[PDB]
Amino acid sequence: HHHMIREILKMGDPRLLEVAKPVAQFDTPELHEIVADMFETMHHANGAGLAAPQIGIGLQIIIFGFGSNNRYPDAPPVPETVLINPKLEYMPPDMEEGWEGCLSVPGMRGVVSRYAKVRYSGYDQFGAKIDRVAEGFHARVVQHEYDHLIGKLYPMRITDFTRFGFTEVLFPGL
């Protein structure tokens, strides 16, 4: 055996449009391996977050968080988190527009409106409960990764396609 980093599926793959299945058991060796592979893939690609369907695993698992990120240099530190079987609550009415990218949409960015604040709950990989209120970029990452679990990619959320394009044109300094 030689370890191979897991590849990220690109938009157009029908697996990214499926609705992920819940994780039935926590703290299994296999789940610890999945989480390790997700962090390895996310870190190698300078991701802000990653959802398991993006590496072909149809499960409700998301990871996110960094101290600094050079694909999103304006983003503040976000707590490193493993969030399994998430439940989100959106807090209307305050929305914020922001530029988003996605490792499954390589080379692009677009403006997406997100809730300024969300509640999220779920479980870590050991089965411990998580229950938080998030705002700003933290809230944006959680919404973006949650969307992957319900088959949504951020171009589906864009309303203004004059603000969608290639990162090297939109953000040359990056």
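A residue's number is simply how far along the shown sequence it sits, counting from 1.
The mean Cα B-factor in the deposited entry runs higher for 161-169 than for the other of 161-169 and 16-24. The deposited model assigns a higher average Cα B-factor to 126-134 than to the other stretch when 113-121 and 126-134 are compared. Set against one another, the Cα B-factors of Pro77, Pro93, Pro86, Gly101 in the record reach their highest point at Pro77.
In this PDB entry, the Cα temperature factor of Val141 sits in the bottom third of its chain's modelled residues, the lowest group. Compared with the other modelled residues of the chain, the Cα B-factor recorded for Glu30 ranks in the highest third. Sort the chain's modelled residues by C-alpha temperature factor and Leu50 lands in the lowest third, per the entry.
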